[PDB]
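Colleague: Just one file: run-v4.pdb, with PDB, C-alpha atoms.
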ATOM      1  CA  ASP A 199     116.108  81.004 122.229  1.00  0.00           C
ATOM      2  CA  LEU A 200     119.334  82.892 121.469  1.00  0.00           C
ATOM      3  CA  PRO A 201     121.787  82.855 124.420  1.00  0.00           C
ATOM      4  CA  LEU A 202     122.263  86.109 126.328  1.00  0.00           C
ATOM      5  CA  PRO A 203     125.694  87.677 126.931  1.00  0.00           C
ATOM      6  CA  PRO A 204     127.054  87.299 130.471  1.00  0.00           C
ATOM      7  CA  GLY A 205     125.285  89.459 133.039  1.00  0.00           C
ATOM      8  CA  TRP A 206     121.971  89.609 131.148  1.00  0.00           C
ATOM      9  CA  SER A 207     118.649  88.084 132.119  1.00  0.00           C
ATOM     10  CA  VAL A 208     115.068  87.996 130.869  1.00  0.00           C
ATOM     11  CA  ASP A 209     112.014  89.089 132.899  1.00  0.00           C
ATOM     12  CA  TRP A 210     108.318  90.028 132.402  1.00  0.00           C
ATOM     13  CA  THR A 211     106.160  93.001 133.350  1.00  0.00           C
ATOM     14  CA  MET A 212     103.125  92.455 135.591  1.00  0.00           C
ATOM     15  CA  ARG A 213     101.033  92.457 132.420  1.00  0.00           C
ATOM     16  CA  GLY A 214     103.284  89.820 130.854  1.00  0.00           C
ATOM     17  CA  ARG A 215     105.510  91.842 128.544  1.00  0.00           C
ATOM     18  CA  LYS A 216     108.939  90.297 128.093  1.00  0.00           C
ATOM     19  CA  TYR A 217     112.027  92.451 128.652  1.00  0.00           C
ATOM     20  CA  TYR A 218     115.771  92.192 129.195  1.00  0.00           C
ATOM     21  CA  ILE A 219     117.862  93.236 132.178  1.00  0.00           C
ATOM     22  CA  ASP A 220     121.505  94.184 131.777  1.00  0.00           C
ATOM     23  CA  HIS A 221     123.042  93.606 135.221  1.00  0.00           C
ATOM     24  CA  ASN A 222     126.408  94.825 133.905  1.00  0.00           C
ATOM     25  CA  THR A 223     124.968  98.324 133.613  1.00  0.00           C
ATOM     26  CA  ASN A 224     121.743  98.040 135.608  1.00  0.00           C
ATOM     27  CA  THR A 225     119.629  98.999 132.579  1.00  0.00           C
ATOM     28  CA  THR A 226     116.500  97.489 131.021  1.00  0.00           C
ATOM     29  CA  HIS A 227     115.603  96.893 127.376  1.00  0.00           C
ATOM     30  CA  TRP A 228     112.695  95.697 125.222  1.00  0.00           C
ATOM     31  CA  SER A 229     114.872  93.696 122.810  1.00  0.00           C
ATOM     32  CA  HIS A 230     117.607  91.021 122.950  1.00  0.00           C
ATOM     33  CA  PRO A 231     121.092  92.643 122.975  1.00  0.00           C
ATOM     34  CA  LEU A 232     122.191  90.353 120.131  1.00  0.00           C
ATOM     35  CA  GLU A 233     119.246  91.225 117.894  1.00  0.00           C
ATOM     36  CA  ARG A 234     120.103  94.867 117.227  1.00  0.00           C
ATOM     37  CA  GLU A 235     122.387  94.734 114.207  1.00  0.00           C
ATOM     38  CA  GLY A 236     121.708  97.679 111.898  1.00  0.00           C
ATOM     39  CA  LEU A 237     120.261  99.797 114.694  1.00  0.00           C
ATOM     40  CA  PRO A 238     121.973 102.898 116.004  1.00  0.00           C
ATOM     41  CA  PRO A 239     122.946 103.342 119.660  1.00  0.00           C
ATOM     42  CA  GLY A 240     119.952 103.960 121.920  1.00  0.00           C
ATOM     43  CA  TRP A 241     117.347 102.470 119.588  1.00  0.00           C
ATOM     44  CA  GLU A 242     115.346  99.281 119.673  1.00  0.00           C
ATOM     45  CA  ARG A 243     112.988  97.417 117.406  1.00  0.00           C
ATOM     46  CA  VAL A 244     109.661  96.558 119.058  1.00  0.00           C
ATOM     47  CA  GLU A 245     107.090  93.956 117.963  1.00  0.00           C
ATOM     48  CA  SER A 246     103.480  94.354 119.060  1.00  0.00           C
ATOM     49  CA  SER A 247      99.940  93.334 118.269  1.00  0.00           C
ATOM     50  CA  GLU A 248      98.784  96.923 118.793  1.00  0.00           C
ATOM     51  CA  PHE A 249     101.220  98.617 116.413  1.00  0.00           C
ATOM     52  CA  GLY A 250     102.989  95.819 114.588  1.00  0.00           C
ATOM     53  CA  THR A 251     106.729  96.443 114.175  1.00  0.00           C
ATOM     54  CA  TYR A 252     108.147  99.813 115.195  1.00  0.00           C
ATOM     55  CA  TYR A 253     111.235 101.554 116.553  1.00  0.00           C
ATOM     56  CA  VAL A 254     111.913 103.303 119.817  1.00  0.00           C
ATOM     57  CA  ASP A 255     114.539 105.886 120.748  1.00  0.00           C
ATOM     58  CA  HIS A 256     115.223 105.649 124.494  1.00  0.00           C
ATOM     59  CA  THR A 257     117.335 108.784 124.739  1.00  0.00           C
ATOM     60  CA  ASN A 258     114.592 110.990 123.333  1.00  0.00           C
ATOM     61  CA  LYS A 259     111.601 108.863 124.409  1.00  0.00           C
ATOM     62  CA  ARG A 260     110.227 108.741 120.858  1.00  0.00           C
ATOM     63  CA  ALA A 261     108.657 106.000 118.745  1.00  0.00           C
ATOM     64  CA  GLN A 262     108.319 105.783 114.974  1.00  0.00           C
ATOM     65  CA  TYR A 263     107.375 103.267 112.300  1.00  0.00           C
ATOM     66  CA  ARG A 264     110.334 104.098 110.024  1.00  0.00           C
ATOM     67  CA  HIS A 265     113.569 102.259 110.775  1.00  0.00           C
ATOM     68  CA  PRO A 266     115.851 105.072 111.995  1.00  0.00           C
ATOM     69  CA  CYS A 267     118.407 104.402 109.216  1.00  0.00           C
ATOM     70  CA  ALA A 268     115.917 103.894 106.363  1.00  0.00           C
ATOM     71  CA  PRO A 269     115.519 106.565 103.687  1.00  0.00           C
ATOM     72  CA  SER A 270     113.222 109.367 104.826  1.00  0.00           C
ATOM     73  CA  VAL A 271     110.471 108.148 102.475  1.00  0.00           C
ATOM     74  CA  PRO A 272     110.111 104.900 100.563  1.00  0.00           C
ATOM     75  CA  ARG A 273     109.599 104.733  96.805  1.00  0.00           C
ATOM     76  CA  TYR A 274     106.411 103.716  95.019  1.00  0.00           C
ATOM     77  CA  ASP A 275     107.127 101.432  92.059  1.00  0.00           C
ATOM     78  CA  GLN A 276     104.366 100.605  89.658  1.00  0.00           C
ATOM     79  CA  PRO A 277     104.201  96.865  88.998  1.00  0.00           C
ATOM     80  CA  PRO A 278     105.339  95.853  85.491  1.00  0.00           C
ATOM     81  CA  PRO A 279     102.910  96.243  82.596  1.00  0.00           C
ATOM     82  CA  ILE A 280     101.288  93.245  80.923  1.00  0.00           C
ATOM     83  CA  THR A 281     103.062  92.497  77.639  1.00  0.00           C
ATOM     84  CA  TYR A 282     101.390  91.517  74.367  1.00  0.00           C
TER      85      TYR A 282
ATOM     86  CA  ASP B 199     106.673  78.207  98.177  1.00  0.00           C
ATOM     87  CA  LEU B 200     102.968  78.836  98.832  1.00  0.00           C
ATOM     88  CA  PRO B 201     100.745  77.667  95.932  1.00  0.00           C
ATOM     89  CA  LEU B 202      99.139  80.356  93.776  1.00  0.00           C
ATOM     90  CA  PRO B 203      95.382  80.504  93.101  1.00  0.00           C
ATOM     91  CA  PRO B 204      94.309  79.370  89.624  1.00  0.00           C
ATOM     92  CA  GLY B 205      95.203  81.815  86.864  1.00  0.00           C
ATOM     93  CA  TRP B 206      98.203  83.319  88.686  1.00  0.00           C
ATOM     94  CA  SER B 207     101.866  83.045  87.790  1.00  0.00           C
ATOM     95  CA  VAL B 208     105.211  84.376  88.989  1.00  0.00           C
ATOM     96  CA  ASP B 209     107.683  86.345  86.831  1.00  0.00           C
ATOM     97  CA  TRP B 210     110.770  88.608  87.194  1.00  0.00           C
ATOM     98  CA  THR B 211     111.704  92.078  85.977  1.00  0.00           C
ATOM     99  CA  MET B 212     114.761  92.504  83.742  1.00  0.00           C
ATOM    100  CA  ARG B 213     116.659  93.527  86.869  1.00  0.00           C
ATOM    101  CA  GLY B 214     115.506  90.384  88.676  1.00  0.00           C
ATOM    102  CA  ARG B 215     112.659  91.628  90.851  1.00  0.00           C
ATOM    103  CA  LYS B 216     110.029  88.976  91.477  1.00  0.00           C
ATOM    104  CA  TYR B 217     106.374  89.797  90.793  1.00  0.00           C
ATOM    105  CA  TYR B 218     102.994  88.142  90.330  1.00  0.00           C
ATOM    106  CA  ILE B 219     100.713  88.105  87.305  1.00  0.00           C
ATOM    107  CA  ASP B 220      96.969  87.681  87.684  1.00  0.00           C
ATOM    108  CA  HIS B 221      95.804  86.305  84.322  1.00  0.00           C
ATOM    109  CA  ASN B 222      92.206  86.308  85.586  1.00  0.00           C
ATOM    110  CA  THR B 223      92.259  90.102  85.575  1.00  0.00           C
ATOM    111  CA  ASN B 224      95.394  90.861  83.560  1.00  0.00           C
ATOM    112  CA  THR B 225      96.964  92.767  86.470  1.00  0.00           C
ATOM    113  CA  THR B 226     100.404  92.639  88.096  1.00  0.00           C
ATOM    114  CA  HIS B 227     101.401  92.707  91.762  1.00  0.00           C
ATOM    115  CA  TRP B 228     104.512  92.838  93.961  1.00  0.00           C
ATOM    116  CA  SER B 229     103.182  90.379  96.559  1.00  0.00           C
ATOM    117  CA  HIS B 230     101.620  86.886  96.676  1.00  0.00           C
ATOM    118  CA  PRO B 231      97.783  87.111  96.574  1.00  0.00           C
ATOM    119  CA  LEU B 232      97.557  84.814  99.610  1.00  0.00           C
ATOM    120  CA  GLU B 233      99.943  86.882 101.724  1.00  0.00           C
ATOM    121  CA  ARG B 234      97.802  89.997 102.109  1.00  0.00           C
ATOM    122  CA  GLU B 235      95.679  89.280 105.165  1.00  0.00           C
ATOM    123  CA  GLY B 236      95.196  92.445 107.219  1.00  0.00           C
ATOM    124  CA  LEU B 237      95.810  94.713 104.240  1.00  0.00           C
ATOM    125  CA  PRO B 238      93.101  96.855 102.711  1.00  0.00           C
ATOM    126  CA  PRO B 239      92.089  96.616  99.046  1.00  0.00           C
ATOM    127  CA  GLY B 240      94.683  98.104  96.699  1.00  0.00           C
ATOM    128  CA  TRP B 241      97.617  97.865  99.103  1.00  0.00           C
ATOM    129  CA  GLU B 242     100.647  95.635  99.244  1.00  0.00           C
ATOM    130  CA  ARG B 243     103.490  94.953 101.617  1.00  0.00           C
ATOM    131  CA  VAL B 244     106.925  95.243  99.988  1.00  0.00           C
ATOM    132  CA  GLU B 245     110.254  93.860 101.250  1.00  0.00           C
ATOM    133  CA  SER B 246     113.483  95.464 100.070  1.00  0.00           C
ATOM    134  CA  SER B 247     117.138  95.878 100.886  1.00  0.00           C
ATOM    135  CA  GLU B 248     116.907  99.586 100.057  1.00  0.00           C
ATOM    136  CA  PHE B 249     113.983 100.456 102.330  1.00  0.00           C
ATOM    137  CA  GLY B 250     113.335  97.361 104.402  1.00  0.00           C
ATOM    138  CA  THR B 251     109.620  96.602 104.820  1.00  0.00           C
ATOM    139  CA  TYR B 252     107.082  99.125 103.554  1.00  0.00           C
ATOM    140  CA  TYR B 253     103.592  99.498 102.107  1.00  0.00           C
ATOM    141  CA  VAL B 254     102.370 100.609  98.724  1.00  0.00           C
ATOM    142  CA  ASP B 255      98.996 101.967  97.629  1.00  0.00           C
ATOM    143  CA  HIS B 256      98.503 101.195  93.926  1.00  0.00           C
ATOM    144  CA  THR B 257      95.394 103.308  93.462  1.00  0.00           C
ATOM    145  CA  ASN B 258      97.116 106.472  94.643  1.00  0.00           C
ATOM    146  CA  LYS B 259     100.695 105.509  93.696  1.00  0.00           C
ATOM    147  CA  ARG B 260     101.963 106.184  97.224  1.00  0.00           C
ATOM    148  CA  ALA B 261     104.396 104.389  99.527  1.00  0.00           C
ATOM    149  CA  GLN B 262     104.731 104.614 103.297  1.00  0.00           C
ATOM    150  CA  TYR B 263     106.491 102.843 106.150  1.00  0.00           C
ATOM    151  CA  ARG B 264     103.399 102.712 108.397  1.00  0.00           C
ATOM    152  CA  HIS B 265     101.074  99.762 107.846  1.00  0.00           C
ATOM    153  CA  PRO B 266      97.939 101.435 106.438  1.00  0.00           C
ATOM    154  CA  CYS B 267      95.764 100.101 109.301  1.00  0.00           C
ATOM    155  CA  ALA B 268      98.223 100.771 112.147  1.00  0.00           C
ATOM    156  CA  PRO B 269      97.574 103.608 114.593  1.00  0.00           C
ATOM    157  CA  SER B 270      98.703 106.957 113.197  1.00  0.00           C
ATOM    158  CA  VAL B 271     101.672 107.023 115.597  1.00  0.00           C
ATOM    159  CA  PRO B 272     103.168 104.298 117.758  1.00  0.00           C
ATOM    160  CA  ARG B 273     103.648 104.633 121.510  1.00  0.00           C
ATOM    161  CA  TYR B 274     106.960 105.001 123.322  1.00  0.00           C
ATOM    162  CA  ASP B 275     107.085 102.859 126.467  1.00  0.00           C
ATOM    163  CA  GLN B 276     109.920 103.297 128.884  1.00  0.00           C
ATOM    164  CA  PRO B 277     111.433  99.943 129.840  1.00  0.00           C
ATOM    165  CA  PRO B 278     110.691  98.871 133.434  1.00  0.00           C
ATOM    166  CA  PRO B 279     112.764 100.355 136.251  1.00  0.00           C
ATOM    167  CA  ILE B 280     115.346  98.304 138.134  1.00  0.00           C
ATOM    168  CA  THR B 281     113.919  97.225 141.495  1.00  0.00           C
ATOM    169  CA  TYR B 282     115.784  97.191 144.809  1.00  0.00           C
TER     170      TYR B 282
END
Can you turn what I pasted into structure tokens?

Modeller:
Amino acid sequence: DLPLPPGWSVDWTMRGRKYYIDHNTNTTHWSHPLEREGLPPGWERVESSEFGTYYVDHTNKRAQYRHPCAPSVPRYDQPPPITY
Amino acid sequence: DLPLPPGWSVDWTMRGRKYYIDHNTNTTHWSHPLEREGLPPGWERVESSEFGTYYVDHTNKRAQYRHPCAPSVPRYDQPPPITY
């Protein structure tokens, strides 16, 4: 229920998808403006039942599962061996 | 603090990484056995500061950001237009 900055509101698409309106700039967004720490300019984190969590780049109209700032690939670590 | 099934315990690596021991099978795991709904056999979800959330495949010793059952690529949706 985190409070929006002045000049922001929340709305829903005709199919019921929540989104945010920035009346200061007349732009629309999928995520809360105060929930974007760690994300670069132009990107948002999206939650969904269809895809789970992913990331969108509005400038380039792209979506990807990898957080845009995460290492290019993650590391596999074998769980520790059983000791005797 | 979710209770473990019988024959399971929790331990830590020398560097302090939590893990789970299944004494029923003498196998080790990065995630709680009761926190794997929606994951296929052999896979685990991993949380980390280095990579954020990702997924590991123990059989093939692979790691990836995409949930193994998620669609191959996620969809970009443009936020709704401003109406006048």

Colleague: When you look at residue 218 in chain A with a cut-off of 8 Å (counting all atoms listed in the file), what residues show up, excluding the ones that are within fewer than 4 positions of it in the same chain? I need them as a PDB file with C-alpha atoms, keeping the file's coordinate frame.

Modeller:
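Output saved as part_10.pdb:
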ATOM      1  CA  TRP A 206     121.971  89.609 131.148  1.00  0.00           C
ATOM      2  CA  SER A 207     118.649  88.084 132.119  1.00  0.00           C
ATOM      3  CA  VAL A 208     115.068  87.996 130.869  1.00  0.00           C
ATOM      4  CA  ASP A 209     112.014  89.089 132.899  1.00  0.00           C
ATOM      5  CA  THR A 226     116.500  97.489 131.021  1.00  0.00           C
ATOM      6  CA  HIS A 227     115.603  96.893 127.376  1.00  0.00           C
ATOM      7  CA  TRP A 228     112.695  95.697 125.222  1.00  0.00           C
ATOM      8  CA  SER A 229     114.872  93.696 122.810  1.00  0.00           C
ATOM      9  CA  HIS A 230     117.607  91.021 122.950  1.00  0.00           C
TER      10      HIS A 230
END

Colleague: For range 278-280 of chain B, please output as a PyMOL selection string all residues within 8 Å (counting only C-alpha atoms; exclusion window: fewer than 4 positions along the same chain).

Modeller: chain A and resi 211+224-226

Colleague: Print the selection's residues with C-alpha atoms to a file, as a PDB file, keeping the file's coordinate frame.

Modeller:
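What follows is the written file part_2.pdb:
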ATOM      1  CA  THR A 211     106.160  93.001 133.350  1.00  0.00           C
ATOM      2  CA  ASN A 224     121.743  98.040 135.608  1.00  0.00           C
ATOM      3  CA  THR A 225     119.629  98.999 132.579  1.00  0.00           C
ATOM      4  CA  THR A 226     116.500  97.489 131.021  1.00  0.00           C
TER       5      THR A 226
END

Colleague: Give me, as a VMD selection string, the contact residues of chain B against chain A at a cut-off of 6 Å, counting only C-alpha atoms.

Modeller: chain B and resid 226 to 227 249 260 to 261 263 to 264 268 272 to 274 277

Colleague: Any idea what the distance is between CA of residue 246 in chain A and CA of residue 233 in chain A?

Modeller: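 Going from CA of residue 246 in chain A over to CA of residue 233 in chain A, I get 16.1 Å.
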
Colleague: Expand the PyMOL selection byres ((chain B and resi 238) around 10) into the explicit residue set it covers here, and present it as JSON, numbers by chain.

Modeller: {"B": [234, 235, 236, 237, 239, 240, 241, 242, 255, 265, 266, 267]}

Colleague: Give me, please, the distance in Å between CA of residue 245 in chain B and CA of residue 215 in chain B, quoted to one decimal.

Modeller: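 Separation between CA of residue 245 in chain B and CA of residue 215 in chain B: 10.9 Å.
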
Colleague: Can you work out the spacing between CA of residue 223 in chain B and CA of residue 201 in chain B in Å, to one decimal?

Modeller: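 Separation of CA of residue 223 in chain B and CA of residue 201 in chain B: 18.3 Å.
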
Colleague: Take range 240-273 of chain A, model N, CA and C atoms, and hand the result over as a compact mmCIF listing (two decimals), keeping the file's coordinate frame.

Modeller:
# COMPACT_ATOMS: atom_id res chain seq x y z
N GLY A 240 121.09 103.36 121.25
CA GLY A 240 119.95 103.96 121.92
C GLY A 240 118.60 103.58 121.35
N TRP A 241 118.59 102.85 120.24
CA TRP A 241 117.35 102.47 119.59
C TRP A 241 117.05 101.00 119.74
N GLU A 242 115.77 100.67 119.73
CA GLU A 242 115.35 99.28 119.67
C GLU A 242 114.19 99.08 118.72
N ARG A 243 114.14 97.88 118.16
CA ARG A 243 112.99 97.42 117.41
C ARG A 243 112.00 96.75 118.35
N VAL A 244 110.73 97.13 118.24
CA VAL A 244 109.66 96.56 119.06
C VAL A 244 108.63 95.85 118.18
N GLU A 245 108.20 94.66 118.60
CA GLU A 245 107.09 93.96 117.96
C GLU A 245 105.87 94.05 118.86
N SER A 246 104.69 94.20 118.27
CA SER A 246 103.48 94.35 119.06
C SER A 246 102.25 93.97 118.26
N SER A 247 101.19 93.58 118.96
CA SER A 247 99.94 93.33 118.27
C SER A 247 99.26 94.68 118.00
N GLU A 248 99.47 95.64 118.89
CA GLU A 248 98.78 96.92 118.79
C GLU A 248 99.28 97.73 117.60
N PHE A 249 100.60 97.77 117.43
CA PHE A 249 101.22 98.62 116.41
C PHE A 249 101.94 97.87 115.31
N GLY A 250 102.08 96.55 115.45
CA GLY A 250 102.99 95.82 114.59
C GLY A 250 104.42 96.22 114.93
N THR A 251 105.32 96.11 113.96
CA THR A 251 106.73 96.44 114.18
C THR A 251 106.96 97.94 114.22
N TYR A 252 107.69 98.43 115.23
CA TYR A 252 108.15 99.81 115.20
C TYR A 252 109.45 100.01 115.94
N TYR A 253 109.89 101.26 116.04
CA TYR A 253 111.24 101.55 116.55
C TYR A 253 111.16 102.57 117.65
N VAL A 254 111.90 102.33 118.73
CA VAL A 254 111.91 103.30 119.82
C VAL A 254 113.30 103.87 120.07
N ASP A 255 113.32 105.14 120.44
CA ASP A 255 114.54 105.89 120.75
C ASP A 255 114.50 106.20 122.24
N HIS A 256 115.29 105.50 123.05
CA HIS A 256 115.22 105.65 124.49
C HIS A 256 115.76 106.97 125.00
N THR A 257 116.76 107.51 124.31
CA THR A 257 117.34 108.78 124.74
C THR A 257 116.31 109.91 124.67
N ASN A 258 115.56 109.93 123.58
CA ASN A 258 114.59 110.99 123.33
C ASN A 258 113.14 110.61 123.63
N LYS A 259 112.94 109.38 124.10
CA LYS A 259 111.60 108.86 124.41
C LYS A 259 110.62 109.09 123.26
N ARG A 260 111.01 108.61 122.09
CA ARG A 260 110.23 108.74 120.86
C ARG A 260 109.98 107.37 120.25
N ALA A 261 108.90 107.23 119.49
CA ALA A 261 108.66 106.00 118.74
C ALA A 261 108.29 106.37 117.32
N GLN A 262 108.68 105.53 116.37
CA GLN A 262 108.32 105.78 114.97
C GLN A 262 108.25 104.48 114.20
N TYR A 263 107.47 104.47 113.12
CA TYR A 263 107.38 103.27 112.30
C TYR A 263 108.61 103.07 111.41
N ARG A 264 109.19 104.17 110.94
CA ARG A 264 110.33 104.10 110.02
C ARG A 264 111.57 103.61 110.78
N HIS A 265 112.25 102.61 110.25
CA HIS A 265 113.57 102.26 110.78
C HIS A 265 114.45 103.52 110.79
N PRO A 266 115.16 103.78 111.90
CA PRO A 266 115.85 105.07 112.00
C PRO A 266 116.90 105.32 110.89
N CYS A 267 117.39 104.26 110.26
CA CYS A 267 118.41 104.40 109.22
C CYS A 267 117.82 104.29 107.80
N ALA A 268 116.53 103.99 107.69
CA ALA A 268 115.92 103.89 106.36
C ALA A 268 115.78 105.26 105.71
N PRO A 269 115.74 105.29 104.36
CA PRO A 269 115.52 106.56 103.69
C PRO A 269 114.27 107.26 104.21
N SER A 270 114.27 108.59 104.18
CA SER A 270 113.22 109.37 104.83
C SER A 270 111.83 108.98 104.32
N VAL A 271 111.71 108.69 103.03
CA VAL A 271 110.47 108.15 102.48
C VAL A 271 110.77 106.99 101.53
N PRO A 272 109.85 106.02 101.46
CA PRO A 272 110.11 104.90 100.56
C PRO A 272 109.54 105.20 99.18
N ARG A 273 109.98 104.45 98.18
CA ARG A 273 109.60 104.73 96.80
C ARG A 273 108.44 103.85 96.35
